[PDB]
Each structure stands twice: as structure tokens, then as C-alpha cells.
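K.L.:
This is the structure I want to talk about, given as C-alpha cells.
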Amino acid sequence: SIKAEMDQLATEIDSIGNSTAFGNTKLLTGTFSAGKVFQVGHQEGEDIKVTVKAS
Amino acid sequence: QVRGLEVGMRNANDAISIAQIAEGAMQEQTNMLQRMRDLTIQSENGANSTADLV
């Protein structure tokens, strides 16, 4: 009976990982494993990198 | 000389008008080029998608 409870809790850790999205882009499934780039200046090279490992 | 200058005056007023029109058109090309710069900066989000870039 205790395992039947642990088993379902692990299913949601999977479910949150595969659901969390920004409109339509999944953020916790490794597409941000190699940090993506945002440009915050007005010239080339002024970038910020955000890395989210798969969980 | 008197009549020669009078025709010469109108000759230069014509050149002023040509330079005036060309300068006016290049101003509008400059504004649209600035908008292209913003779109290139805007197109660098990491939250965009393949359909968004199109």
C-alpha cells in the first residue's frame, strides 16, 4: 500500500516535467539544456544565456 | 552679362529642386531601415518558435 502511493507521486514528477511550457515551448524537457540566447543590447555580442537542465 | 546671369539664376534654382527631391526620398528609406533593425533584434528571443520567425 505504501508503494502504491510512492508510485503515483513519481508519475506527477514526470507529468510536471513534460507539461511546463511557455505558450507552446516545453521548458523542462532538455530543449534548454544548452542555454538559449537573448539579446539585451543594441549591438552584436550583448547577449544573456539561460540554461535549464532536464528535470 | 545681365541677361546671362538671369538665365544662370534659373539654371541653379533647377539644381536646388533636384537635390531637394532626392534628399526627401532618402529620409523615408532611413526610417524603414531602422524598423528592420528592431525586427532583427526582436527576432533573437529564445522563446520564439519556427513559426514565429517566419
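Backbone-built Cβ (ideal geometry, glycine too); neighbour counts: all protein chains shown. Every read-out reported here was derived from the displayed coordinates using simple, explicitly stated rules and does not represent laboratory data.
K.L.:
Per residue and in Å³, how big is the convex hull formed by the alpha-carbon atoms of the protein assembly as shown?
P.N.:
118
K.L.:
Checking a compactness column here: for chain B, what do you get for Rg(Cα) / (2.2 N^0.38 Å), N being the number of residues?
P.N.:
In units of the 2.2 N^0.38 Å rule of thumb, it is 2.32.
K.L.:
About its Cα centre, how strong a charge dipole does chain B have in debye, to the nearest 20, once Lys and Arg get +1 and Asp and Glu get -1 at the Cβ?
P.N.:
So the magnitude is around 240 debye.
K.L.:
Sticking with this one: Give me P(r) over region A:1-50, computed from all C-alpha to C-alpha distances, binned every 5 Å, as integer percentages.
P.N.:
Calculated P(r), rounded to whole percents: 5, 17, 15, 15, 12, 12, 8, 6, 4, 3, 2, 1, 0.
K.L.:
Another question, then. Distance between the C-alpha centers of chain B and chain A? Whole Å please.
P.N.:
Centre-to-centre distance over Cα atoms comes out at 46 Å.
K.L.:
Let me ask another. Run the simple label-point estimate for B:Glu23 and A:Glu5 please: 7 Å along Cα→C-beta, distance reported in nm.
P.N.:
Using points 7 Å along Cα→Cβ, the separation is 8.3 nm.
K.L.:
About its Cα centre, what dipole magnitude does region A:6-55 give when the only charges are +1 on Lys and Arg Cβ and -1 on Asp and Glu Cβ, stated in debye to the nearest 20?
P.N.:
Using Cβ point charges on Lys, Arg, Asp and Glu, region A:6-55 gives about 60 debye.
K.L.:
Next question. Taking 8 Å as the Cα distance limit and 6 or more residues as the minimum spacing, I'd like the relative contact order of chain A as a percentage.
P.N.:
28
K.L.:
Could I ask something else about it? Rank B:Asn45, B:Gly8, B:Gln34 by how far each Cα sits towards the positive end of the charge dipole of chain B (+1 on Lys, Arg Cβ; -1 on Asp, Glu Cβ) and give me just the farthest.
P.N.:
Toward the positive end, the furthest listed residue is B:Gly8.
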